[PDB]
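We begin with a single chain expressed as structure tokens, specifically the form solved without the named molecule.
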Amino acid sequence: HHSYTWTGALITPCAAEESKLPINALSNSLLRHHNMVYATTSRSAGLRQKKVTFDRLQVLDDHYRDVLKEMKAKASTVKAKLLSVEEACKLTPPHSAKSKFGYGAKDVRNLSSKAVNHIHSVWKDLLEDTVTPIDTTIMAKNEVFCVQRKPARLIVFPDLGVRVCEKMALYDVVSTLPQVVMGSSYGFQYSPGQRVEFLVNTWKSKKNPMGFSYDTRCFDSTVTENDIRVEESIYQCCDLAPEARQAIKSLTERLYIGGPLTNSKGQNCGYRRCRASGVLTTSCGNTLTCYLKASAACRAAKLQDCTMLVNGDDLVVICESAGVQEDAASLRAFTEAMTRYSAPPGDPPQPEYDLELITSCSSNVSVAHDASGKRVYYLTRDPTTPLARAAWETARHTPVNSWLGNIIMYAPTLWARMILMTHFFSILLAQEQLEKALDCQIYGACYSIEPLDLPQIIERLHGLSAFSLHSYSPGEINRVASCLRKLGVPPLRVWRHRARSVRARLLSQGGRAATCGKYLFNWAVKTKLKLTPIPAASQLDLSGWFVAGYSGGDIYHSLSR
């Protein structure tokens, strides 16, 4: 029952890897303490291998089976469709890993006969064989962090032809089933603003609210064969075409439950018997399993009037308090249940009685004020990681631009507005790349977005108030300022000065560039501007943006109007 077994072969890189922060002429304008930023590399994979390898034991009780029966009842109301081959390779990211069988993501997106012919053969094989383990590649991820150093996280994924097959059989299912099963508890159906609204309303609904986040140590590794088969039983509750049921059974037996691990050089590194981090079902499966085990644990701990919010392996619960001391006792019982269900904690959970002090999905609720002075709740987070990554992206082009995803998701924040928008629009202006579409990620899915569309995107997601927030909380201001001193980032006053320049430069360009200056940087001037609804914003097809999670799922979309 070990999560993994290893042969000793090394997890190898695909090309040259850098760990030290690359430095160019723009670096010091953003961050000076270069030695604090680093990128993980395959050199530390062995340490991660150690950490994710352990034995799992599961003791399933009546609460567990009761919750599951409830979930299946809701799953039975779902009707899902099979995706055509063309539909599935249109969801493939342009730079997804090429197939070992002579074609790449470009060929897939182009519907080339070679890729399409191979895909149909992979599909036919899934239908005719439900036993043979499917090969997977294991890689160390290159991710940037700030010190105080963690080893690289690993990604396990099947070949390209198989990935397109997963979409055909399960795309509709993983996009629809989660919300039907868990209702308001499914986190990925919300925009950051909608998430804040749900948390605040829930908090307010309790007479004496108490809340806690639960961090499961290496969630993927805690996922057992039982768990993966339970997930498939939920998927099979849906009204599905016969071929889809066959494909789902086959993919569960041959891929989801486990399989061999091959490095980039083609050597066998070992075997996996836990969740694969790079399959279409990683997000949905984790959310379902996290919801199941947590719901059952709440019952076991006798938690009163619980409301949960789940995003994959991330969980936050808000309930009725039973007194501070009693709540502490309740959490130990909750944790004991989770442990029995194979979901032990990394950091032990602690009860919070202030909503703003709860961090879930790396974020927390905070308050500011709009133009009218009205209090407004919004989503924020510690900016350390977003700034560390921005520093890297300042001197290196990366496959995914975290700064852009951060501006989109954290547009209302003090730090995203004053530092990220200021710094990157300055670089884009200098290279005249305002209209150059860049790749970013939202809830794990990849989107190609032109920076010029930001004002419209922001208005649609957060409302015009994102362009006028002020009087942030002392707690938030202090966290931002502390982080800047730690990283050696210039203080907010410097950013304000620079923004005025960026704004004027954008305005001088006229057109959409002007709108960017007008809306994104109104916070920079003494005499603020009007700021009315942008006409073209309504035409942006934003449906699909906040429907489901797809981390490790190999999903792409292009922004279209």
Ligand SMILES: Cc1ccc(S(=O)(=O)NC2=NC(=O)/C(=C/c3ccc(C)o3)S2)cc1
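Note that residue numbering begins at 1 and tracks the sequence as displayed.
Although it is not shown, the form solved in complex with the named molecule is what the next lines describe.
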Just to confirm, with a 4.5 Å cut-off on non-hydrogen atoms, which of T398, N208, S471, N110 contacts the named molecule in the bound PDB entry? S471
The one option of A437, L127, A241, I477 with any heavy atom within 4.5 Å of the named molecule in the bound PDB entry is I477
Looking at 159 to 167, 261 to 269, 70 to 78, 409 to 417, which one sits within 4.5 Å of the named molecule in the bound PDB entry if you count heavy atoms only? 409 to 417
Within 4.5 Å of the named molecule in the bound PDB entry, do we find a heavy atom from each of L492, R496 and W523? yes
